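A.B. asks: Compact mmCIF, N, CA, C and O atoms, file data-v9.txt:
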```
# COMPACT_ATOMS: atom_id res chain seq x y z
N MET A 1 -3.96 2.63 27.81
CA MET A 1 -3.92 1.68 26.70
C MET A 1 -4.71 2.18 25.47
O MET A 1 -5.77 2.78 25.59
N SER A 2 -4.19 1.90 24.27
CA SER A 2 -4.81 2.23 22.98
C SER A 2 -4.26 1.33 21.85
O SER A 2 -3.20 0.71 22.00
N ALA A 3 -4.96 1.26 20.72
CA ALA A 3 -4.61 0.43 19.56
C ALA A 3 -3.47 1.01 18.70
O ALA A 3 -3.06 0.39 17.72
N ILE A 4 -2.98 2.20 19.05
CA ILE A 4 -1.99 2.98 18.28
C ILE A 4 -0.66 2.93 19.03
O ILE A 4 -0.55 3.47 20.14
N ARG A 5 0.34 2.27 18.45
CA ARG A 5 1.63 1.97 19.08
C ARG A 5 2.78 2.40 18.17
O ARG A 5 2.67 2.34 16.94
N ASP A 6 3.89 2.77 18.80
CA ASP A 6 5.16 3.08 18.14
C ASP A 6 5.77 1.81 17.51
O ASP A 6 6.13 0.86 18.22
N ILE A 7 5.89 1.79 16.18
CA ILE A 7 6.63 0.77 15.44
C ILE A 7 7.78 1.43 14.67
O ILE A 7 7.57 2.13 13.68
N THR A 8 9.01 1.12 15.08
CA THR A 8 10.24 1.35 14.31
C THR A 8 10.77 0.09 13.63
O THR A 8 11.58 0.20 12.71
N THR A 9 10.34 -1.10 14.07
CA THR A 9 10.89 -2.41 13.70
C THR A 9 10.58 -2.80 12.25
O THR A 9 11.42 -3.45 11.61
N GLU A 10 9.46 -2.33 11.70
CA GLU A 10 9.23 -2.19 10.27
C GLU A 10 8.40 -0.93 10.00
O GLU A 10 7.33 -0.74 10.57
N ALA A 11 8.93 -0.05 9.14
CA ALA A 11 8.39 1.26 8.81
C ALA A 11 9.09 1.81 7.55
O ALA A 11 10.19 1.36 7.20
N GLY A 12 8.47 2.78 6.89
CA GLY A 12 9.00 3.40 5.68
C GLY A 12 8.78 2.55 4.43
O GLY A 12 8.08 1.54 4.47
N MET A 13 9.41 2.94 3.32
CA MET A 13 9.21 2.37 1.98
C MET A 13 9.29 0.83 1.94
O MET A 13 8.50 0.20 1.25
N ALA A 14 10.18 0.21 2.72
CA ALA A 14 10.36 -1.24 2.73
C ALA A 14 9.21 -2.00 3.41
O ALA A 14 8.94 -3.15 3.07
N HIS A 15 8.48 -1.35 4.32
CA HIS A 15 7.22 -1.84 4.87
C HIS A 15 6.03 -1.45 3.98
O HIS A 15 5.09 -2.23 3.82
N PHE A 16 6.09 -0.29 3.31
CA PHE A 16 5.02 0.19 2.43
C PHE A 16 4.88 -0.69 1.18
O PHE A 16 3.78 -0.94 0.70
N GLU A 17 5.99 -1.27 0.72
CA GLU A 17 6.05 -2.20 -0.42
C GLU A 17 5.28 -3.52 -0.17
O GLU A 17 4.98 -4.24 -1.12
N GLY A 18 4.95 -3.83 1.09
CA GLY A 18 4.20 -5.03 1.49
C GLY A 18 2.70 -4.80 1.75
O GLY A 18 1.97 -5.79 1.83
N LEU A 19 2.25 -3.55 1.93
CA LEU A 19 0.90 -3.23 2.43
C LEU A 19 -0.09 -2.78 1.34
O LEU A 19 0.29 -2.22 0.31
N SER A 20 -1.38 -3.00 1.59
CA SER A 20 -2.48 -2.59 0.70
C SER A 20 -3.16 -1.27 1.13
O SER A 20 -3.52 -0.47 0.27
N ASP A 21 -3.33 -1.04 2.43
CA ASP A 21 -4.06 0.10 3.00
C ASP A 21 -3.63 0.32 4.47
O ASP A 21 -3.88 -0.54 5.32
N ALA A 22 -2.92 1.43 4.74
CA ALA A 22 -2.31 1.69 6.05
C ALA A 22 -2.17 3.19 6.36
O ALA A 22 -2.25 4.05 5.47
N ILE A 23 -1.93 3.53 7.62
CA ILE A 23 -1.77 4.90 8.14
C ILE A 23 -0.62 4.91 9.16
O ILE A 23 -0.61 4.09 10.08
N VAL A 24 0.32 5.85 9.03
CA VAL A 24 1.45 6.03 9.95
C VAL A 24 1.45 7.46 10.49
O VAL A 24 1.37 8.42 9.72
N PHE A 25 1.57 7.60 11.81
CA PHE A 25 1.71 8.87 12.51
C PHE A 25 3.15 9.12 13.00
O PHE A 25 3.66 8.43 13.90
N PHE A 26 3.82 10.12 12.44
CA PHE A 26 5.19 10.53 12.79
C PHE A 26 5.18 11.44 14.04
O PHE A 26 5.32 12.66 13.95
N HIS A 27 4.99 10.83 15.22
CA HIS A 27 5.03 11.52 16.50
C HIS A 27 6.47 11.84 16.99
O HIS A 27 7.44 11.26 16.49
N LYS A 28 6.62 12.70 18.01
CA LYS A 28 7.90 13.00 18.68
C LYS A 28 7.85 12.71 20.19
O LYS A 28 6.78 12.65 20.80
N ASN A 29 9.03 12.55 20.82
CA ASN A 29 9.15 12.17 22.24
C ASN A 29 8.81 13.33 23.20
O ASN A 29 7.95 13.18 24.07
N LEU A 30 9.50 14.47 23.07
CA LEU A 30 9.45 15.58 24.03
C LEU A 30 8.10 16.31 23.99
O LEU A 30 7.34 16.27 24.96
N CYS A 31 7.79 16.95 22.86
CA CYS A 31 6.65 17.81 22.63
C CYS A 31 5.29 17.18 23.04
O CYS A 31 4.93 16.12 22.52
N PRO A 32 4.53 17.82 23.95
CA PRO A 32 3.18 17.39 24.35
C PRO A 32 2.15 17.36 23.21
O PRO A 32 1.16 16.64 23.32
N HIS A 33 2.36 18.13 22.14
CA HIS A 33 1.39 18.31 21.06
C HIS A 33 1.07 16.98 20.34
O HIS A 33 -0.11 16.66 20.13
N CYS A 34 2.08 16.18 20.01
CA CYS A 34 1.94 14.93 19.25
C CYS A 34 1.08 13.88 19.97
O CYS A 34 0.34 13.13 19.34
N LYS A 35 1.16 13.85 21.30
CA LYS A 35 0.57 12.82 22.18
C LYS A 35 -0.96 12.72 22.07
O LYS A 35 -1.54 11.66 22.32
N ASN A 36 -1.63 13.81 21.66
CA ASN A 36 -3.09 13.87 21.51
C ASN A 36 -3.59 13.05 20.31
O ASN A 36 -4.59 12.34 20.42
N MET A 37 -2.89 13.10 19.17
CA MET A 37 -3.32 12.47 17.90
C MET A 37 -3.45 10.95 18.00
O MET A 37 -4.32 10.37 17.36
N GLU A 38 -2.66 10.31 18.86
CA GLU A 38 -2.80 8.88 19.18
C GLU A 38 -4.21 8.55 19.71
O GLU A 38 -4.80 7.55 19.29
N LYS A 39 -4.79 9.38 20.60
CA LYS A 39 -6.12 9.13 21.16
C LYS A 39 -7.21 9.29 20.08
O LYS A 39 -8.22 8.58 20.08
N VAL A 40 -6.98 10.22 19.15
CA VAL A 40 -7.84 10.50 17.98
C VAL A 40 -7.84 9.30 17.02
O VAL A 40 -8.90 8.84 16.62
N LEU A 41 -6.65 8.78 16.70
CA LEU A 41 -6.43 7.62 15.84
C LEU A 41 -6.98 6.32 16.44
O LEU A 41 -7.51 5.50 15.70
N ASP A 42 -6.92 6.16 17.76
CA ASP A 42 -7.53 5.04 18.48
C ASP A 42 -9.06 4.98 18.24
O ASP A 42 -9.58 3.97 17.79
N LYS A 43 -9.76 6.10 18.47
CA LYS A 43 -11.21 6.21 18.27
C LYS A 43 -11.61 6.11 16.79
O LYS A 43 -12.66 5.53 16.46
N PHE A 44 -10.76 6.60 15.88
CA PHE A 44 -10.91 6.46 14.43
C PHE A 44 -10.74 5.01 13.95
O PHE A 44 -11.46 4.58 13.05
N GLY A 45 -9.80 4.25 14.53
CA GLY A 45 -9.49 2.88 14.11
C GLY A 45 -10.44 1.85 14.69
O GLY A 45 -10.71 0.83 14.05
N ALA A 46 -11.01 2.14 15.87
CA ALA A 46 -11.94 1.25 16.57
C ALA A 46 -13.16 0.84 15.73
O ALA A 46 -13.65 -0.29 15.86
N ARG A 47 -13.63 1.73 14.84
CA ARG A 47 -14.75 1.51 13.90
C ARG A 47 -14.32 1.24 12.44
O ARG A 47 -15.17 1.22 11.55
N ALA A 48 -13.02 1.03 12.18
CA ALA A 48 -12.45 0.71 10.87
C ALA A 48 -11.37 -0.40 10.94
O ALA A 48 -10.18 -0.11 10.80
N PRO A 49 -11.76 -1.68 11.16
CA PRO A 49 -10.82 -2.79 11.34
C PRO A 49 -9.87 -3.06 10.15
O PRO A 49 -8.83 -3.67 10.34
N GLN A 50 -10.23 -2.64 8.93
CA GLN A 50 -9.55 -3.04 7.69
C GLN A 50 -8.33 -2.17 7.32
O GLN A 50 -7.65 -2.49 6.35
N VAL A 51 -8.06 -1.09 8.07
CA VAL A 51 -6.87 -0.23 7.91
C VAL A 51 -5.85 -0.50 9.03
O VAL A 51 -6.19 -0.54 10.21
N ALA A 52 -4.58 -0.67 8.63
CA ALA A 52 -3.45 -0.84 9.55
C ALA A 52 -2.91 0.53 10.01
O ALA A 52 -2.26 1.24 9.25
N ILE A 53 -3.20 0.92 11.26
CA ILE A 53 -2.78 2.21 11.85
C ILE A 53 -1.67 2.00 12.88
O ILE A 53 -1.77 1.12 13.74
N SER A 54 -0.62 2.81 12.84
CA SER A 54 0.48 2.82 13.83
C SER A 54 1.09 4.22 14.01
O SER A 54 0.77 5.15 13.27
N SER A 55 1.98 4.40 14.99
CA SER A 55 2.83 5.60 15.09
C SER A 55 4.33 5.24 14.96
O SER A 55 4.70 4.07 14.94
N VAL A 56 5.20 6.25 14.83
CA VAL A 56 6.66 6.07 14.68
C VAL A 56 7.38 7.34 15.12
O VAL A 56 7.02 8.43 14.69
N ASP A 57 8.37 7.21 16.00
CA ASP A 57 9.23 8.29 16.46
C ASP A 57 10.03 8.86 15.29
O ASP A 57 10.94 8.23 14.75
N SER A 58 9.70 10.09 14.91
CA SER A 58 10.41 10.85 13.87
C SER A 58 11.89 11.10 14.21
O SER A 58 12.71 11.20 13.29
N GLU A 59 12.26 11.14 15.49
CA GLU A 59 13.66 11.28 15.93
C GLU A 59 14.45 9.96 15.83
O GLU A 59 15.68 9.98 15.74
N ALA A 60 13.76 8.81 15.80
CA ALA A 60 14.34 7.50 15.48
C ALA A 60 14.29 7.19 13.97
O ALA A 60 15.13 6.43 13.48
N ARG A 61 13.33 7.78 13.24
CA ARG A 61 13.07 7.57 11.81
C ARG A 61 13.24 8.83 10.92
O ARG A 61 12.35 9.12 10.11
N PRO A 62 14.35 9.61 11.03
CA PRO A 62 14.52 10.85 10.27
C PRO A 62 14.93 10.64 8.80
O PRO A 62 14.77 11.55 8.00
N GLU A 63 15.42 9.45 8.42
CA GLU A 63 15.77 9.16 7.02
C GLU A 63 14.54 9.06 6.12
O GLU A 63 14.63 9.33 4.93
N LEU A 64 13.38 8.68 6.68
CA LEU A 64 12.13 8.65 5.92
C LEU A 64 11.60 10.06 5.68
O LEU A 64 11.28 10.42 4.55
N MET A 65 11.57 10.89 6.73
CA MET A 65 11.06 12.27 6.66
C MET A 65 11.75 13.12 5.59
O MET A 65 11.13 14.00 4.99
N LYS A 66 13.01 12.80 5.29
CA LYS A 66 13.81 13.40 4.22
C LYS A 66 13.19 13.21 2.82
O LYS A 66 13.38 14.05 1.94
N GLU A 67 12.46 12.11 2.63
CA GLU A 67 11.93 11.66 1.34
C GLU A 67 10.53 12.22 1.10
O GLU A 67 10.20 12.59 -0.03
N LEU A 68 9.71 12.32 2.16
CA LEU A 68 8.37 12.92 2.09
C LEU A 68 8.39 14.45 2.27
O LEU A 68 7.42 15.11 1.88
N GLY A 69 9.46 15.02 2.84
CA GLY A 69 9.67 16.47 2.97
C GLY A 69 9.27 17.05 4.33
O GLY A 69 9.07 18.27 4.44
N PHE A 70 9.13 16.22 5.37
CA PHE A 70 8.74 16.64 6.72
C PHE A 70 9.94 17.24 7.49
O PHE A 70 11.09 16.85 7.26
N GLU A 71 9.66 18.15 8.42
CA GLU A 71 10.68 18.86 9.23
C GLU A 71 10.92 18.16 10.58
O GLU A 71 11.95 17.52 10.77
N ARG A 72 9.95 18.26 11.51
CA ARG A 72 10.00 17.68 12.87
C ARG A 72 8.60 17.51 13.51
O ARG A 72 8.47 17.44 14.73
N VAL A 73 7.55 17.57 12.70
CA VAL A 73 6.17 17.90 13.12
C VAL A 73 5.27 16.65 13.18
O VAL A 73 5.59 15.65 12.52
N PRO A 74 4.17 16.68 13.96
CA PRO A 74 3.19 15.59 14.04
C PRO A 74 2.47 15.43 12.70
O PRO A 74 1.45 16.07 12.45
N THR A 75 3.01 14.57 11.84
CA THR A 75 2.48 14.31 10.50
C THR A 75 1.76 12.98 10.43
O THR A 75 2.34 11.93 10.73
N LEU A 76 0.52 13.01 9.95
CA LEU A 76 -0.23 11.84 9.53
C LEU A 76 0.08 11.55 8.05
O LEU A 76 -0.11 12.42 7.21
N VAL A 77 0.50 10.32 7.75
CA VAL A 77 0.83 9.83 6.39
C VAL A 77 -0.05 8.62 6.09
O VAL A 77 -0.07 7.65 6.85
N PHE A 78 -0.77 8.68 4.97
CA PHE A 78 -1.72 7.64 4.54
C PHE A 78 -1.18 6.89 3.31
O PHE A 78 -0.92 7.50 2.27
N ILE A 79 -1.02 5.57 3.43
CA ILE A 79 -0.42 4.70 2.41
C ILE A 79 -1.52 3.83 1.78
O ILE A 79 -2.17 3.06 2.50
N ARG A 80 -1.73 3.93 0.47
CA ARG A 80 -2.58 3.04 -0.34
C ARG A 80 -1.72 2.33 -1.39
O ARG A 80 -1.00 3.00 -2.14
N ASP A 81 -1.76 1.00 -1.46
CA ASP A 81 -0.98 0.17 -2.41
C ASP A 81 0.54 0.35 -2.23
O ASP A 81 1.33 0.09 -3.15
N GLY A 82 0.98 0.86 -1.07
CA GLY A 82 2.37 1.20 -0.79
C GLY A 82 2.79 2.60 -1.25
O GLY A 82 3.95 2.97 -1.10
N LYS A 83 1.85 3.38 -1.80
CA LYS A 83 2.05 4.75 -2.28
C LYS A 83 1.45 5.73 -1.25
O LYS A 83 0.33 5.52 -0.78
N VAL A 84 2.14 6.82 -0.92
CA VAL A 84 1.56 7.93 -0.13
C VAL A 84 0.45 8.63 -0.94
O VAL A 84 0.72 9.30 -1.93
N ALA A 85 -0.80 8.41 -0.53
CA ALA A 85 -2.00 8.91 -1.22
C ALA A 85 -2.53 10.24 -0.65
O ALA A 85 -3.26 10.96 -1.33
N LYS A 86 -2.16 10.56 0.59
CA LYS A 86 -2.64 11.70 1.38
C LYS A 86 -1.66 11.93 2.55
O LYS A 86 -1.06 10.98 3.05
N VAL A 87 -1.50 13.19 2.98
CA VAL A 87 -0.57 13.58 4.06
C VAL A 87 -0.95 14.96 4.62
O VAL A 87 -1.37 15.83 3.85
N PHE A 88 -0.78 15.17 5.93
CA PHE A 88 -0.95 16.47 6.59
C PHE A 88 -0.19 16.54 7.92
O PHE A 88 -0.14 15.59 8.69
N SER A 89 0.37 17.71 8.22
CA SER A 89 1.03 18.01 9.51
C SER A 89 0.11 18.85 10.41
O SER A 89 -0.44 19.87 9.97
N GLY A 90 -0.05 18.44 11.67
CA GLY A 90 -0.87 19.10 12.69
C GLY A 90 -1.78 18.14 13.46
O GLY A 90 -1.62 16.92 13.41
N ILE A 91 -2.73 18.70 14.19
CA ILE A 91 -3.69 18.00 15.05
C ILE A 91 -5.12 18.30 14.59
O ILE A 91 -5.42 19.42 14.18
N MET A 92 -6.01 17.31 14.73
CA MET A 92 -7.46 17.53 14.63
C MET A 92 -8.28 16.56 15.48
O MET A 92 -7.80 15.52 15.91
N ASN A 93 -9.54 16.92 15.70
CA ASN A 93 -10.53 16.09 16.40
C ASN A 93 -10.96 14.85 15.58
O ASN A 93 -10.85 14.87 14.34
N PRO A 94 -11.50 13.78 16.20
CA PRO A 94 -11.87 12.55 15.50
C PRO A 94 -13.12 12.69 14.61
O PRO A 94 -13.31 11.85 13.74
N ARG A 95 -13.95 13.73 14.79
CA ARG A 95 -15.11 13.99 13.92
C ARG A 95 -14.64 14.40 12.51
O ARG A 95 -15.12 13.87 11.51
N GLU A 96 -13.69 15.33 12.45
CA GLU A 96 -13.18 15.90 11.20
C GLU A 96 -12.17 14.98 10.49
O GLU A 96 -12.11 14.98 9.26
N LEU A 97 -11.46 14.11 11.23
CA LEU A 97 -10.55 13.11 10.65
C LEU A 97 -11.27 12.10 9.73
O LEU A 97 -10.65 11.55 8.83
N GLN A 98 -12.58 11.91 9.91
CA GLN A 98 -13.40 11.08 9.03
C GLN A 98 -13.44 11.65 7.60
O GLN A 98 -13.33 10.89 6.64
N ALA A 99 -13.58 12.97 7.45
CA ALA A 99 -13.63 13.63 6.14
C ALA A 99 -12.26 13.62 5.44
O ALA A 99 -12.17 13.48 4.22
N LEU A 100 -11.18 13.70 6.23
CA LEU A 100 -9.79 13.60 5.75
C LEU A 100 -9.55 12.21 5.13
O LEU A 100 -9.10 12.11 3.99
N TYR A 101 -9.92 11.15 5.84
CA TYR A 101 -9.89 9.77 5.34
C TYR A 101 -10.83 9.55 4.14
O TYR A 101 -10.41 8.98 3.14
N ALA A 102 -12.07 10.07 4.18
CA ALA A 102 -13.04 9.92 3.08
C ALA A 102 -12.52 10.55 1.77
O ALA A 102 -12.69 9.97 0.70
N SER A 103 -11.83 11.70 1.86
CA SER A 103 -11.22 12.40 0.72
C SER A 103 -10.25 11.51 -0.09
O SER A 103 -10.20 11.61 -1.32
N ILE A 104 -9.55 10.58 0.56
CA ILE A 104 -8.62 9.62 -0.08
C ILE A 104 -9.37 8.71 -1.07
O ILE A 104 -8.90 8.46 -2.17
```
Can I see the file as structure tokens?

C.D. replies:
Amino acid sequence: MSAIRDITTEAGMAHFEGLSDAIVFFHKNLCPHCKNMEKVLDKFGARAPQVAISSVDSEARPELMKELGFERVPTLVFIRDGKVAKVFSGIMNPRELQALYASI
């Protein structure tokens, strides 16, 4: 169990138009690599109640990835005022993810 769950039911620009401060993780089904970042985001969100964090299957949501320029990779996307304010593809530890968020 963790606070980071797959949401396809509302995601992308039409959900971003409603939000003030949020984070979306574009994970994949097969690849073991994506599965780690959920545990990182859980520990990151546990001490930050005021940000809306979720994940989303990039193989179910490929029409969005076309607009941000993503290929097939574990991408963290950060939304402020409904605008993409910060973005990166890959994995990191929860110590260093604090500086990534602080940079925004």

A.B. asks: I need the residue nearest residue 25 in chain A from this list: A:68, A:40, A:60, A:73. Use only N, CA, C and O atoms for the distance.

C.D. replies: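 Answer, going by the shortest atom-to-atom distance: A:73.
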
A.B. asks: How many Å separate CA of residue 35 in chain A from atom N of residue 18 in chain A?

C.D. replies: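 Between these atoms lies a distance of 27.2 Å.
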
A.B. asks: Show which residues sit within 12 Å of residue 70 in chain A, as a VMD selection string. Count only C-alpha atoms, and ignore same-chain residues fewer than 5 positions away.

C.D. replies: chain A and resid 25 to 27 58 to 59 61 to 65 75 to 77 87 to 90

A.B. asks: Could those residues be written to a file, using N, CA, C and O atoms, as an mmCIF file, keeping the file's coordinate frame?

C.D. replies:
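See selection_11.cif below for the written result:
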```cif
data_model
loop_
_atom_site.group_PDB
_atom_site.id
_atom_site.type_symbol
_atom_site.label_atom_id
_atom_site.label_comp_id
_atom_site.auth_asym_id
_atom_site.auth_seq_id
_atom_site.Cartn_x
_atom_site.Cartn_y
_atom_site.Cartn_z
ATOM 1 N N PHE A 25 1.570 7.600 11.810
ATOM 2 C CA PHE A 25 1.710 8.870 12.510
ATOM 3 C C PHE A 25 3.150 9.120 13.000
ATOM 4 O O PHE A 25 3.660 8.430 13.900
ATOM 5 N N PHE A 26 3.820 10.120 12.440
ATOM 6 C CA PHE A 26 5.190 10.530 12.790
ATOM 7 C C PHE A 26 5.180 11.440 14.040
ATOM 8 O O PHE A 26 5.320 12.660 13.950
ATOM 9 N N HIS A 27 4.990 10.830 15.220
ATOM 10 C CA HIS A 27 5.030 11.520 16.500
ATOM 11 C C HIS A 27 6.470 11.840 16.990
ATOM 12 O O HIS A 27 7.440 11.260 16.490
ATOM 13 N N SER A 58 9.700 10.090 14.910
ATOM 14 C CA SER A 58 10.410 10.850 13.870
ATOM 15 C C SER A 58 11.890 11.100 14.210
ATOM 16 O O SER A 58 12.710 11.200 13.290
ATOM 17 N N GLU A 59 12.260 11.140 15.490
ATOM 18 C CA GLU A 59 13.660 11.280 15.930
ATOM 19 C C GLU A 59 14.450 9.960 15.830
ATOM 20 O O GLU A 59 15.680 9.980 15.740
ATOM 21 N N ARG A 61 13.330 7.780 13.240
ATOM 22 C CA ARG A 61 13.070 7.570 11.810
ATOM 23 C C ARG A 61 13.240 8.830 10.920
ATOM 24 O O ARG A 61 12.350 9.120 10.110
ATOM 25 N N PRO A 62 14.350 9.610 11.030
ATOM 26 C CA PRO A 62 14.520 10.850 10.270
ATOM 27 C C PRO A 62 14.930 10.640 8.800
ATOM 28 O O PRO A 62 14.770 11.550 8.000
ATOM 29 N N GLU A 63 15.420 9.450 8.420
ATOM 30 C CA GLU A 63 15.770 9.160 7.020
ATOM 31 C C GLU A 63 14.540 9.060 6.120
ATOM 32 O O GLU A 63 14.630 9.330 4.930
ATOM 33 N N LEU A 64 13.380 8.680 6.680
ATOM 34 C CA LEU A 64 12.130 8.650 5.920
ATOM 35 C C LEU A 64 11.600 10.060 5.680
ATOM 36 O O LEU A 64 11.280 10.420 4.550
ATOM 37 N N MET A 65 11.570 10.890 6.730
ATOM 38 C CA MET A 65 11.060 12.270 6.660
ATOM 39 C C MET A 65 11.750 13.120 5.590
ATOM 40 O O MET A 65 11.130 14.000 4.990
ATOM 41 N N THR A 75 3.010 14.570 11.840
ATOM 42 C CA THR A 75 2.480 14.310 10.500
ATOM 43 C C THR A 75 1.760 12.980 10.430
ATOM 44 O O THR A 75 2.340 11.930 10.730
ATOM 45 N N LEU A 76 0.520 13.010 9.950
ATOM 46 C CA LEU A 76 -0.230 11.840 9.530
ATOM 47 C C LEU A 76 0.080 11.550 8.050
ATOM 48 O O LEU A 76 -0.110 12.420 7.210
ATOM 49 N N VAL A 77 0.500 10.320 7.750
ATOM 50 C CA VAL A 77 0.830 9.830 6.390
ATOM 51 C C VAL A 77 -0.050 8.620 6.090
ATOM 52 O O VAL A 77 -0.070 7.650 6.850
ATOM 53 N N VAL A 87 -1.500 13.190 2.980
ATOM 54 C CA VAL A 87 -0.570 13.580 4.060
ATOM 55 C C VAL A 87 -0.950 14.960 4.620
ATOM 56 O O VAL A 87 -1.370 15.830 3.850
ATOM 57 N N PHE A 88 -0.780 15.170 5.930
ATOM 58 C CA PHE A 88 -0.950 16.470 6.590
ATOM 59 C C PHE A 88 -0.190 16.540 7.920
ATOM 60 O O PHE A 88 -0.140 15.590 8.690
ATOM 61 N N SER A 89 0.370 17.710 8.220
ATOM 62 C CA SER A 89 1.030 18.010 9.510
ATOM 63 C C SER A 89 0.110 18.850 10.410
ATOM 64 O O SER A 89 -0.440 19.870 9.970
ATOM 65 N N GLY A 90 -0.050 18.440 11.670
ATOM 66 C CA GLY A 90 -0.870 19.100 12.690
ATOM 67 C C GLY A 90 -1.780 18.140 13.460
ATOM 68 O O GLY A 90 -1.620 16.920 13.410
#
```

A.B. asks: In Å to one decimal, how far is CA of residue 22 in chain A from atom N of residue 81 in chain A?

C.D. replies: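 Value for the atom N of residue 81 in chain A-CA of residue 22 in chain A distance: 7.6 Å.
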
A.B. asks: What is the atom C of residue 48 in chain A to atom O of residue 21 in chain A distance in Å?

C.D. replies: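 For atom C of residue 48 in chain A relative to atom O of residue 21 in chain A, the distance reads 9.4 Å.
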
A.B. asks: Could you please write out, as a count of residues only, every residue of range 66-102 of chain A that DSSP assigns to helix (DSSP H, G or I)?

C.D. replies: 9

A.B. asks: Within 7 Å of residue 8 in chain A, counting all atoms listed in the file, which residues show up once you throw out same-chain ones fewer than 6 positions away? Write them as a PyMOL selection string, please.

C.D. replies: chain A and resi 55-57

A.B. asks: Could those selected residues go to a file with N, CA, C and O atoms, as a compact mmCIF listing (two decimals), in the frame of the given file?

C.D. replies:
```
# COMPACT_ATOMS: atom_id res chain seq x y z
N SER A 55 1.98 4.40 14.99
CA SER A 55 2.83 5.60 15.09
C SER A 55 4.33 5.24 14.96
O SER A 55 4.70 4.07 14.94
N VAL A 56 5.20 6.25 14.83
CA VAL A 56 6.66 6.07 14.68
C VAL A 56 7.38 7.34 15.12
O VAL A 56 7.02 8.43 14.69
N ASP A 57 8.37 7.21 16.00
CA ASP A 57 9.23 8.29 16.46
C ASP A 57 10.03 8.86 15.29
O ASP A 57 10.94 8.23 14.75
```

A.B. asks: Residues near residue 102 in chain A, anyone? I mean within 12 Å using only C-alpha atoms, not counting same-chain ones fewer than 4 positions away, as a list in words.

C.D. replies: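 What passes the distance filter is residues 78, 85, 86, 95, 96, 97 and 98 of chain A.
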
A.B. asks: For residue 29 in chain A, which residue out of A:10, A:72, A:15, A:5 is the nearest one, using only N, CA, C and O atoms?

C.D. replies: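 Among A:10, A:72, A:15, A:5, it is A:72 that comes nearest to residue 29 in chain A.
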
A.B. asks: Calculate, to one decimal in Å, the centre and edge lengths of the box along x, y and z of the file that holds all listed atoms of range 39-46 of chain A with 5 Å of margin on each side, and present them as JSON.

C.D. replies:
```
{"center_x": -9.2, "center_y": 5.1, "center_z": 17.1, "size_x": 18.9, "size_y": 20.8, "size_z": 18.1}
```

A.B. asks: Give the answer as one residue: which of A:83, A:9, A:103, A:4 has the shortest atom-to-atom distance to residue 42 in chain A, using all atoms listed in the file?

C.D. replies: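 Among the listed residues, the smallest separation from residue 42 in chain A belongs to A:4.
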
A.B. asks: For residue 80 in chain A, which residue among A:100, A:14, A:37, A:19 is the nearest when counting only N, CA, C and O atoms?

C.D. replies: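 Counting only N, CA, C and O atoms, the residue closest to residue 80 in chain A is A:19.
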